[PDB]
Each structure stands twice: as C-alpha cells, then as structure tokens.
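Enquirer: Residue numbers (the numbering used here), protein chains in the order written: chain S, 10 to 253; chain F, 33 to 232; chain D, 0 to 96; chain P, 525 to 789. Don't be surprised by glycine CBs; every beta carbon is placed ideally from N, CA and C.
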Amino acid sequence: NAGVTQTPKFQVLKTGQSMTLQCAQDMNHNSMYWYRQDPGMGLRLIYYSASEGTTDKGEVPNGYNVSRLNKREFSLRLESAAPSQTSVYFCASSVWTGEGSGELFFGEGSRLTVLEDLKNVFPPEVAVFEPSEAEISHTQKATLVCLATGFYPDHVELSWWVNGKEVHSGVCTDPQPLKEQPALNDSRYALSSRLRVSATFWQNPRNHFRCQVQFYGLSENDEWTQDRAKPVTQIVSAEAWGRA
Amino acid sequence: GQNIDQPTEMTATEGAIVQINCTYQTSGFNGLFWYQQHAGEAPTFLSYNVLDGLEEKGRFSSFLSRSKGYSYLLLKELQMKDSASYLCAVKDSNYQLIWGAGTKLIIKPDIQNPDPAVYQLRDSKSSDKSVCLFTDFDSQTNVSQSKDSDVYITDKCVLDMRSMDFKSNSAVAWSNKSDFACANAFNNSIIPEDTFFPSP
Amino acid sequence: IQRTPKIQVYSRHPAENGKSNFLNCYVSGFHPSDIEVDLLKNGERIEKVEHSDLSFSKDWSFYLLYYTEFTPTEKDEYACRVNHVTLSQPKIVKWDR
Amino acid sequence: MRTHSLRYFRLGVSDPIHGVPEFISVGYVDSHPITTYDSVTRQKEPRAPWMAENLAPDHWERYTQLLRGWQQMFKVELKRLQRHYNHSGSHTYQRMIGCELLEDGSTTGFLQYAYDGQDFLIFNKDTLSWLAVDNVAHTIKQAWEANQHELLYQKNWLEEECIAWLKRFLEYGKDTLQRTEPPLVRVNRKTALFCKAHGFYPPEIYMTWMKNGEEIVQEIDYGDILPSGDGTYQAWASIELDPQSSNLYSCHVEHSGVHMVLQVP
Ligand SMILES: [Cl-]
Ligand code: NA
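This is the structure:
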C-alpha cells in the first residue's frame, strides 16, 4: 500500500560517474514513466514502459537508459553523468497505457546534482539564536531562529526538536534557500527557519530546543583530495534552552 | 509545434478566489489534466476534463473549452495550504502528455492585528552573526533582498501557531559585519511607518 | 455458437479458354478464425496459391480470399476445399463456369 | 465525397493452437486494411501503401508500444470473462471501434465488444452508458460506468478524434478511396436470367430485376458483392422466367450515382 517508491531522495555525482535510480510500484499498474523536472519548463519524459516487457524512448532519452525489470520495477540508468543531468527525477505509473483518462501517480522525486569537481561540496554550519526579550514583552510570544549557512549543493532537510520530539506546529522554514553569492553559478546556500512559541513556554527552564539539519553529501567511495574535511552525508545541529 | 502556456506565478489573498488559466495548441486532443505540486513534493492528480464545461470537486473546479483551447482551474475560499504549483497537461492525438511549466500560487494571509516590529535576536556563542527578525507585518509588505554583499535577507515566511489560531509573516536578516544593526538591516525595503524598533 | 464458412469460387474476369485468369475462393462468415483452404486442379492441390490476411467483419465473423493464377481450358476442373471446426469433413465447392 | 468509415478491430484467443497469435489488431478505411499488429510480430505495420508513404516512423513506433500494452489488457480482460463464465477451452474476445463520415456531412461513432463472436457490450455515446447482454457483461458494465471520465473520453474520441483520423487517411489514400470504376454489366440465361457485373469500384452497388416495370424482391436471388483480387469487385442477381406468360424483364444497376438498365429481348 506504499504507492510509488523511488530512491535515492538525494545524490551528488562527479562528471563521468554511473548511477541507477530505482522505482517500484505496488498498485498493480501496467505503465511506468521516468520524468525530469527543471526550472522554467514542463516535465519532460525520458523513457517510458507502456507494459511489462516493453520500453521506449521519451522526449529526452540521450544520456539515459531504462530497465523494466518486472511489472513492479522500472529503473533509470545514468551510465556517465553530465552536469546537464542535474535535475529532479520523478518516476510515475498509471493503470494502463497513456491511452484513456487515467491519471499518473508520482514517486517522491530524486534530486541529482552532477559536478565537475566535488571540491564545491560543503555541509551547513548550523546555529540557533534565542528570542528577543523585547519581542517577549511586546507580544507575549518568542521566536527562535535557526540558520543553516554555507552548504552546497541544496540537499538539506531542516527539523526542529522540542524536548526530544520533532515539532512542526509554529515552524516556518524558507521554502527556497538563499544564494550567498547570487552571481555565481555554484554559490553556496543559506536557509533560515523560525520556531515561535508562547512566552510562557519559552520561560519554562526545563524546555529545550534543537535545530537539526540532515545534509546529503559524499559517501565512502567518493574520492576526496582537499585539505578540509570530506563533506560526507551527516547531521549538523544546534540547541537552546528555555530561560526563566 | 505543440505548446501549452500558463502564467509563471499568481498571488492572491486568503479566503478569496483565484483562477489559473491554461491554453494549449496540440496535434489532437484527448483530455486536459490539472496536477497540484507542493514545493519539494510529488505532483498529485486534481482534475480531468475532455468535454466542454465545468466540473466541481470540493473547493476546486475545472473548466474546459475545446474550441478555444482553454482551461482554467478555479480555487475558492483560498487557504494557506493551497500554496503550491499547479501543472496543466494535455494528451495529444497519440496520447502523449504535453506539460505546462506550472503556475506558482502564493497566498497572502489575513493578518487581523498587524504589529510590525524589527527585533534583535540574542547572539549565539558559537556564531559571529548578528540576527534581526522583521515580523508581524501586514501581508501587503514586501521584503527586498539585501544590497550589501555581506548582509543576508530571506523572503517573508508565513508561520501558523495552531493552538492560538495565529498567523504571522516574518523575514530574517543577518551579517557578521561591524556596522550591521537591526535599525538599518531592512533599509532597502518599504516597511510600515509604525514599525516598532526597540531601543538598543 | 460457431458459424460455418460460406464458400464461393469464381474467376477474376469472365472466363475464356486459352486466356490467363485468376481463380478466386472467397471464404467468409465463419467463426472462430482457424480455417484451412486449398485450391484444387482436377482434384489435386494447387501449390502456388496466395491469400489475403485474415479479415474482420462488423458482425464479428471473419473472411479471407484465396487465389491463384491460371489459364482455364475445357477439360480442367477446379475447386476449393475448406476445413473448419464446424465441418465434419472438408467441404468441396467446384468452380461452375 | 460519399460515405467513408474508419474502424479498428481486436481479436483475443484464450488457448490458441501453436503458432497462431493470441492477439491480432487490424485497422480499415472502408473495405481497405490499413494497419496490422499481432502478438507474434509485436509490431504495428502498414497494410496499404498510401499509409506507409504518409506516416513517419515515429507513428509506427509509438503505436507499437501502445499495442503491446493493449495486447496485455486484452488477455487480462478475456481471462476475467472466461473465469466469470466458468468456461473451459479456447474462447475469443473481440473489440470494434470507429466512425463514419456520411455523404451529407453527418457522423456516427461506435464501440462494442464480443465474446465468442456474439455481442457482449455495446457503448452508447449519447446516453454515456454500456448495454450488457447477460449478467457477466452486467458485472463489467457496472465497473466501466463507475469511471465516468472514461465514458466522456470515449465520446470525445469517437466524435472528434476518430473523424479527424478518418479525414487524414482519406486524403492519404484519395487516389484509391475516392476513385470510380464503372461496372461492366451483362445478361445471360443458364431456366433463369442472370445479370452479372464486374470491374467496379467502390464495392457499393445495387442490382435488381424488374418484371414489366415492377420490382418484387422476394422473387430475386441476390449475389454477394465479391472482391475480384485486382482492387475491383463483381456481383450478380438472378430471376426465374415464367414459361406460361410473356413478360418484359430488365436488369437495373445503380453505381456511384449512375443508373443502368439492360432490357431482355
Ligand atoms: Cl444494460
Ligand atoms: Na538513451
């Protein structure tokens, strides 16, 4: 009952590296699809599979191949990744062929960034800033701010944790990151988030707040030659405590 | 060539009605789809039209005119959760989908009691940054990007305090420069005349 | 319900001795689609015999045309032999000129 | 122009003899095959030269993929029918879809299914419903009618898309489909009078016998319009002679807006 399951959610690649995106559907659907989505244009079909046992090219097949392994699975292969294949990839399926009124069901997407050199990859710095006492006295509310700065590529997931449990009420995280140097194509990014609570809740000294950022970066088999630390996939966090 | 056109972006107010247009020129016609796609999420199916007329589904309706090659998606009683991109797509004579580039729908919340203010957050001992928060302003206010390369200003964000049924806009500015101060952080924006600046 | 084939044997053009022609066997109205058709020359199966692809009728039955080039004479007798699941034995239909 | 039609058939066989395809699909314009596909070739191919010359490889490649999918759907649907009928052995499933563009400019559109060569489900694109012939079809009717969007889709395809395809193919094959070859007609006696026509195109023709200027269809033996093999057709009609009274017999043939009368002396 999972629908369309595709992996991985995030991936960084060096030019020339190989990669396979996986997709499975458990809806007993017959037709499956691989799309890429890029800013400023509609979804573009890469390859599709109208039924088990057949596949064919879409609109942009060059640089890709597919395998309809069985009725459930439709994998997408990048044999030699190129920077132009930086994109968000969506797998989709429908009950029968594109012929008829039937809609598409989409997977969660896979965000790929292909780089000439991995020396542009950076994890975020994460810092938490405690609420202004003027805000507390003027509004009876307290806004904490988390800043995740200097990261590249834009493969992050920020979460707030209050008393050891993740929260989403009272949270707003920027929907898009900020380019720290907007003129540069490979600019590192910044992301801000706010958590707003009542002054009473902030003033309980037992309450503890944490901003947490999951960064998706390099793995063991990625080669590293820089003097700084290898920017592997990792969690970076910062905390604050309530003030009586 | 086969083409499908929809506006890049639309902005409307919470509680109001918005109409998203889609025009298409295709080699044959086998139906028009609307999909919703929240930021960072998968598109999900909203509606299908293939004959002329209007079809309703909750707060959403979809209209089609085959002779005009035109469809709209009608959203009534807008809520913040309707903030998303809306994608129109048409099946051609060979049942191939042609996708529009999507319309980003931005919703302005209704701020009942605006209390615009710029607050200085407390420093972190682990960061050299000074952080300022512009908050509680009415949704007509626009937050401009910084014109200092060492000052960073994020766009406004709508936060919902569900317990109190309270929404507020906010933007953050920060810098590690010595002359950065919250009194000047948002100088490139047109901010309300009554914006509260607490004394340093 | 299975439908037996109608079998009609005829020449492309009005037949004249010593003049090259085509002998046609049009088999139609049958269901299901498996069928066997042979053209006979004095009772012997003709070897160079062609046929259209299986064809579909609006009433869900099928039809086919079998043909071969031939020059009719006064002595040679021609026929069409058809077998189908609805037929106990192969049915023979002589060309009556 | 006169009336023309486009139709596509599908045939599915549940337990075919080895070598015989489980699935075949053929398209027609009027009486001319235009396209073919089966589960052995797994390719959609032209069956008329004016189709091959006017449709680019991307057309055949795309519909080849769709037909591979349609082939699988047909097998699944036939499997479901034979299970609900509780039938053993080999059974057949058939589909026909298409449209007609009539001389006066009006159109028709049709979609129907058959099991073992008998009507099974018939689409009504005006009431947007399926006519079921028995309880097995009634079960399918309920499922298909629960998908309202698919009914609307089929109405649009039959009324708009199908007619557009037909006009496109009629232009491709205009030298074949829009020509006229008049019949050559002759009478003889074998007692009965035979009126025979050959060499004509299109195949639509009306032959009859009149006695003293009056027509009695129940006294006439009508022959089928048959393909001659060279692209033209032949037909005949016969009537038996009254040896007890004198009567004037005449064969009347109407073809492509021309009427012919052959008076028998
Ligand atoms: Cl009924
Ligand atoms: Na390729």
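1. How big is the Cα-Cα spacing for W594 of chain P and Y587 of chain P?
2. Cβ closer than 7 Å: which chain S residues qualify as neighbours of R526 of chain P?
3. Do the region 605 to 612 of chain P and the region 732 to 745 of chain P make contact, defined as three or more Cβ pairs closer than 8 Å?
4. Given a cut-off of 9 Å, decide if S195 of chain F and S168 of chain S are closer than it, judged by their beta-carbon atoms.
5. Cα separation between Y617 of chain P and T95 of chain S?
6. Is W94 of chain D close to chain C? Criterion is C-beta to C-beta, closer than 9 Å.
7. Around the Cβ of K720 of chain P, are there at least 16 other Cβ atoms within 10 angstroms (buried) or fewer (exposed)?
8. Under the criterion of a Cβ to heavy atom distance below 8 Å, does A656 of chain P qualify as lining ligand 4?
9. Comparing C-alpha positions only, which one of F:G132, F:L153, F:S125, F:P230 sits nearest to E685 of chain P?
10. Just confirm the distance between the C-beta atoms of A249 of chain S and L156 of chain S, as a whole number of angstroms; I'd bet it's less than 8 Å.
11. Counting only Cβ pairs nearer than 9 Å, list the residues of chain F close to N680 of chain P.
12. When the distance is taken between beta carbons, is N81 of chain F closer than 9 Å to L64 of chain F?
13. Verify the contact flag: residue 121 of chain D, CB atom, against every heavy atom of ligand 1, threshold strictly below 8 Å.
14. In three-state terms, what does DSSP make of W105 of chain S?
15. Have a look at S:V69, S:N71, S:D65, S:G72 and flag the residue whose alpha-carbon is nearest the alpha-carbon of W584 of chain P.
16. Would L590 of chain P count as contacting chain F if we go by Cβ distances under 9 Å?
17. Can you name, in chain order, every residue of its own chain whose Cβ lies under 6 Å from the Cβ of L655 of chain P, other than the five neighbours on each side?
18. Would you mind giving the Cβ-Cβ distance between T527 of chain P and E674 of chain P, rounded to the nearest angstrom? I have them listed as a contact below 8 Å.
19. Is the CB-CB distance between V150 of chain F and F166 of chain F below 9 Å?
20. Where do the N-terminal and C-terminal ends of the alpha helix (DSSP H) with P581 of chain P fall, by residue?
21. Please state if the CB of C164 of chain F and the CB of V190 of chain F are separated by a distance shorter than 9 Å.
22. Residues around ligand 2, please: the condition is that the C-beta lies closer than 6 Å to some non-hydrogen atom of it.
23. Confirm, please, whether the CB-CB distance from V104 of chain S to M36 of chain S is below 9 Å.
24. Looking only at its chain, what residues have a beta carbon closer than 6 Å to the beta carbon of residue 234 of chain F, apart from the 5 residues adjacent to it on each side?
25. In chain P, which residues lie with their C-beta within 9 Å of the C-beta of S103 of chain F?
26. Does any residue of chain F bring its CB to less than 9 Å from the CB of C32 of chain S?
27. Can you tell me which residues form a DSSP beta bridge with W733 of chain P?
28. Measure the beta-carbon distance from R619 of chain P to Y637 of chain P and round it to whole angstroms, keeping in mind my assumption that it falls under 8 Å.
29. Would you please state the rounded distance, in angstroms, between the beta carbons of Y118 of chain F and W66 of chain F? I believe it to be under 8 Å.
30. Tell me the DSSP bridge mates of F65 of chain F?
31. Of all the CB atoms in chain F, is at least one closer than 9 Å to the CB of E684 of chain P?
32. Spell out whether any CB of chain P is found under 9 Å from the CB atom of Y66 of chain D.
33. Would you give the residue range spanned by the beta strand (DSSP E) that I138 of chain F belongs to?
34. Using Cβ-Cβ distances below 9 Å, what residues of the region 4 to 15 of chain D are close to chain P?
35. Starting from the C-beta of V564 of chain P, find all residues in its chain whose C-beta is less than 6 Å away, skip the five residues before and the five after it, and write them out in chain order.
36. Applying the 10 Å Cβ sphere with the 16-neighbour rule, what's the burial state of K93 of chain D?
Expert: If we stick to the structure as given:
1. In the fourth sequence, residue 594 of chain P corresponds to position 70, counting from 1. In the fourth sequence, residue 587 of chain P corresponds to position 63, counting from 1. About 10 Å.
2. Against the fourth sequence, residue 526 of chain P aligns to sequence position 2. By Cβ distance, chain S contributes nothing, its closest Cβ being about 31 Å from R526 of chain P, past 7 Å.
3. Result no; under three Cβ-Cβ pairs closer than 8 Å.
4. Within the first sequence, numbered from 1, the residue matching residue 168 of chain S stands at position 159. Within the second sequence, numbered from 1, the residue matching residue 195 of chain F stands at position 163. For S168 of chain S and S195 of chain F, no; Cβs fall outside 9 Å.
5. By 1-based counting over the fourth sequence, the position of residue 617 of chain P is 93. By 1-based counting over the first sequence, the position of residue 95 of chain S is 86. So the two alpha carbons sit approximately 48 Å from each other.
6. As a matter of chain content, chain C is missing from the structure shown, whose protein chains are S, F, D and P.
7. Here residue 720 of chain P refers to the residue found at position 196 of the fourth sequence. Buried, by the Cβ-count rule.
8. No copy of ligand 4 appears in this structure; the ligands present are ligand 1 and ligand 2.
9. The residue labelled residue 685 of chain P in the question sits at position 161 within the fourth sequence. It is F:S125 whose Cα lies nearest to the Cα of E685 of chain P.
10. Translated into positions along the first sequence, residue 249 of chain S becomes position 240. Translated into positions along the first sequence, residue 156 of chain S becomes position 147. In fact, because the Cβ distance is near 13 Å, the residues do not count as touching under 8 Å.
11. Here residue 680 of chain P is taken as the residue at index 156 of the fourth sequence, counted from 1. Correct list: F61, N62, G63, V82, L83, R98.
12. Counting from one through the second sequence, the residue named residue 64 of chain F turns up at place 32. Counting from one through the second sequence, the residue named residue 81 of chain F turns up at place 49. The answer is yes: Cβ separation under 9 Å.
13. This structure does not reach residue 121 of chain D, given that chain D is present from 0 up to 96, and the question cannot be answered.
14. Walking along the first sequence from the start, residue 105 of chain S turns up at place 96. In the structure shown, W105 of chain S sits in coil (DSSP, three-state: anything other than H, G, I, E or B).
15. Within the fourth sequence, residue 584 of chain P is the residue found at index 60, counting from 1. Considering only alpha carbons, the answer is S:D65.
16. Locating residue 590 of chain P in the fourth sequence gives position 66, where the first residue counts as 1. Interface residue, yes.
17. The residue given as residue 655 of chain P occupies position 131 in the fourth sequence. Excluding residues within five positions, the ones whose Cβ falls inside 6 Å are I646.
18. Working through the fourth sequence from its first residue, we reach residue 527 of chain P at position 3. Working through the fourth sequence from its first residue, we reach residue 674 of chain P at position 150. About 29 Å; that fails the 8 Å criterion.
19. Position 118 of the second sequence, counted from the first residue, corresponds to residue 150 of chain F. Position 134 of the second sequence, counted from the first residue, corresponds to residue 166 of chain F. Yes, they are a contact pair.
20. The residue labelled residue 581 of chain P in the question sits at position 57 within the fourth sequence. Note, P581 of chain P: alpha helix (DSSP H), 581 to 609.
21. In the second sequence, residue 190 of chain F corresponds to position 158, counting from 1. In the second sequence, residue 164 of chain F corresponds to position 132, counting from 1. No, they are not a contact pair.
22. Put simply, the residues with a CB less than 6 Å from any heavy atom of ligand 2 are S:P70, S:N71, S:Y73, S:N74, in chain order.
23. By one-based count along the first sequence, residue 36 of chain S stands at place 27. By one-based count along the first sequence, residue 104 of chain S stands at place 95. The answer is yes: Cβ separation under 9 Å.
24. With chain F covering only 33 through 232, there is no way to say anything about residue 234 of chain F.
25. Translated into positions along the second sequence, residue 103 of chain F becomes position 71. In chain order: nothing, as chain P lies at least about 14 Å away.
26. Looking up residue 32 of chain S in the first sequence gives position 23. Answer no: the Cβ-Cβ gap between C32 of chain S and chain F never drops below 9 Å.
27. Locating residue 733 of chain P in the fourth sequence gives position 209, where the first residue counts as 1. Paired residue(s): P:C775.
28. The sequence position of residue 619 of chain P within the fourth sequence is 95, counting from 1. The sequence position of residue 637 of chain P within the fourth sequence is 113, counting from 1. Right, their Cβ atoms sit about 5 Å apart.
29. Translated into positions along the second sequence, residue 118 of chain F becomes position 86. Translated into positions along the second sequence, residue 66 of chain F becomes position 34. Confirmed, Cβ separation roughly 6 Å.
30. To locate residue 65 of chain F, count along the second sequence from 1; it is residue 33. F65 of chain F pairs with F:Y80, F:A121.
31. Along the fourth sequence, read from residue 1 onward, the residue named residue 684 of chain P stands at position 160. Any Cβ of chain F closer than 9 Å to the Cβ of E684 of chain P would place that residue at the interface, and such an atom is present.
32. Translated into positions along the third sequence, residue 66 of chain D becomes position 67. So, interface residue.
33. Within the second sequence, the letter at position 106 stands for residue 138 of chain F. Per DSSP, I138 of chain F belongs to the beta strand (DSSP E) from 135 to 140.
34. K5, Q7, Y9, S10, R11, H12, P13
35. In the fourth sequence, counting from the first residue as 1, residue 564 of chain P sits at position 40. If we look at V564 of chain P and ignore the five residues flanking it on each side, its Cβ neighbours are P545.
36. As a first step, residue 93 of chain D is located in the third sequence; it is residue number 94 there, counting from the start. Its Cβ having fewer than 16 others within 10 Å, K93 of chain D is exposed.
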